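>>> Got a sequence here, can you model it:
(one chain, ligands or ions: 2)
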Amino acid sequence: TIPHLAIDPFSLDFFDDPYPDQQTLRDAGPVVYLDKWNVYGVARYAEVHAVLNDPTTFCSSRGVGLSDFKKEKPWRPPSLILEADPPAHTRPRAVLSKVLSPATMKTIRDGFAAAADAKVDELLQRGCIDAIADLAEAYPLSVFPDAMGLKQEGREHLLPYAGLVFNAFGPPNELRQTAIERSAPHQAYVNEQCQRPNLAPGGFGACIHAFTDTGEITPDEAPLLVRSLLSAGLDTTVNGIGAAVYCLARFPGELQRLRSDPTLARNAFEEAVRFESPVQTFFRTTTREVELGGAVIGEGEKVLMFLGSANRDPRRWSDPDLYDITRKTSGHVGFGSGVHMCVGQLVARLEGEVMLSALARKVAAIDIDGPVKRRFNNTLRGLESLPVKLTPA
Ligand code: HEM
Ligand SMILES: [Cl-]
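Numbers count the residues shown, from 1 in each chain. Ligands and ions are numbered 1, 2, ... in the order given. Coordinates below:
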């Protein structure tokens, strides 16, 4: 009843060009079995959305990577938010929601926007830049560590640590095992910065620690919730902003529409998140035998969700393979869906909006002028290098 496929969604061949294989996965059926890793897969929007929105049946506390925490030891202490189910999930989630809330966004927006405008002005003086290192990486590095309240020393560990986290959700392939082999210095740095005395007043980290007396979290939970933001909040935005720049370089008609109405900046970024889905995949584990899209899945089984595929499923989207900055993107799953839906989405959108606004107001053309290089990661999609020439407006 369930078709078996040999596609390896964690192979470099897949990362290099996932879209044909994702159509094969969607068209094979609502539920597939991936013999390569002995997991179920769902690649259509309908089933991905259904799985995300039934956390009781498709739980996260046994890991959202391939590894089943009931069978293997986690490579690090489990996340108190990502790798927790209700009810344990609920109060830590509420704390991070209030830390990364609308009020916090109002406090940081002006500085995030000034930093984006200044970066674009700087890049325009250079003309020919690498939109990854010099923009997608440089801009979040110029705002997010400071907003966290991190000291200056040691920030070179942040991107390696995040790459490690997202590789570690994958299977035990060379990407994962190499990342884990080199991880000790990055974990040591990150875990240390999660302690209250190392987080500057008023930053996201100090705000988490300041929530440890309401009855929602205890002081011993705060370091791991800081760890969540340092795991999830930098590399994702790098790939999201890089995706948006890549899209504007490949779809010049859409750059021209954005220039003509810079208030499209926020939707242009959201559409980039749908179109390139920086977080491509992750898992749930079934807590019982369940029927999904006509197929029966046993208890204790890993289910791989293809978020990027769901965001390109023609059963849900018109012209899914077009980048359209006026698309109604509501319902895309690039930030997830349901109780775990990205708690940092307002930070992500703020960064992407103010960067695309700066581009819309200051740049007339973005032309690829060098070899484009992909960055390979078990669960993130993004570029390693994006050489562009920026023409000033
Ligand atoms: C374009 C940027 C981003 C993308 C594409 C993204 C994507 C996602 C997705 C798909 C999930 C759901 C995971 C699941 O259901 O298992 C998620 C959760 C989460 N994200 Fe993001 N994210 C982004 C930015 C951020 C930022 C900026 C932060 C923090 C400042 C952050 C922190 C978190 C946390 C803590 C969770 C766990 C939430 C929970 O389990 O309740 N993310 N993200
Ligand atoms: Cl760690």
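>>> Show me which residues of the stretch 1-150 of the chain sit near ligand 1.
Proximity of the stretch 1-150 of the chain to ligand 1, by CB under 6 Å from any ligand atom, involves residues 60, 64, 81, 82, 93, 96, 100. C-beta: built from backbone N, CA, C; applies to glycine.
>>> Reformat the residues you listed as a markdown table; add distance to residue 292, neighbour count and secondary structure.
Below are those laid out as a markdown table (distance: CB to CB, whole Å; neighbours: other CB atoms under 10 Å; DSSP: H, G, I helix; E, B strand; the rest coil):
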| residue | distance to residue 292 | neighbour count | secondary structure |
| --- | --- | --- | --- |
| 60 | 17 | 23 | coil |
| 64 | 17 | 23 | coil |
| 81 | 25 | 24 | coil |
| 82 | 22 | 21 | coil |
| 93 | 25 | 21 | helix |
| 96 | 29 | 22 | helix |
| 100 | 32 | 24 | coil |
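>>> Of those residues, just say which sits nearest to ligand 2.
residue 82 (12.9 Å; CB to the ion).
>>> Please report phi then psi for that closest one.
phi -60, psi -40 (degrees, to the nearest 10).
>>> Just the buried positions in stretch 78-92, please.
78, 79, 80, 81, 82, 83, 84, 85, 89, 91, 92 (16 or more other CB atoms under 10 Å).
>>> State the number of residues packed around the closest residue to ligand 2 within the chain.
When scored by CB to the ion, the chain has residue 187 as its residue closest to ligand 2, at 3.9 Å. Using other CB atoms under 10 Å, residue 187 has 17 other residues around it.
>>> same thing with residue 30?
By the criterion of other CB under 10 Å, residue 30 has 16 neighbours.
>>> Could you tell me whether it really is in a strand?
No. Secondary structure assignment (DSSP: H, G, I helix; E, B strand; the rest coil) places residue 30 in coil, not in a strand.
>>> hang on, isn't it packed against residue 42?
Yes. Contact criterion CB atoms under 8 Å: residue 30 and residue 42 qualify, at 6.8 Å.
>>> what's the overlap in contacts for these two?
With contacts taken as CB atoms under 8 Å, 6 or more residues apart in numbering, residue 30 and residue 42 have 292, 293 as neighbours in common.
>>> How about the contacts made by residue 248?
Contacts of residue 248 by CB under 8 Å, 6+ apart are 254, 255, 258, 268, 356, 359, 366.
>>> mind checking the SS state of residue 299?
Relying on three-state DSSP, one would call residue 299 coil.
>>> what's the burial count for it?
That count, for residue 299 with other CB under 10 Å as the rule, works out to 11.
>>> contacting residues around it?
Contacts of residue 299 (CB under 8 Å, 6+ apart): 286, 287, 288, 289.
>>> Out of those residues, which two are the most distant from each other?
287 and 289 (9.6 Å; CB to CB).
>>> Neighbour count for these two, which is higher?
Between residue 287 and residue 289, residue 287 has the larger neighbour count (other CB under 10 Å), namely 18 against 12.
>>> Look up phi and psi at that one.
phi -100, psi 0.
>>> roughly how far apart are it and residue 85?
Counting by CB to CB, to the nearest Å, the gap from residue 287 to residue 85 is 9 Å.
>>> so what sits against both of these two?
Joint contacts of residue 287 and residue 85 (CB under 8 Å, 6+ apart) are 56, 59.
>>> how close does residue 179 get to residue 238?
Computed as CB to CB, the residue 179 to residue 238 distance reads 16 Å.
>>> what's the longest helix that the chain contains in contact with?
Scanning the chain for the helix with the most residues, using DSSP state H, yields helix 102-126. Defining contact as CB under 8 Å, 6+ apart, one finds that helix 102-126 is touched by 129, 134-135, 138-139, 142-143, 147, 204, 207, 346-347, 350-351, 354-355, 357-359, 362-363, 390, 392.
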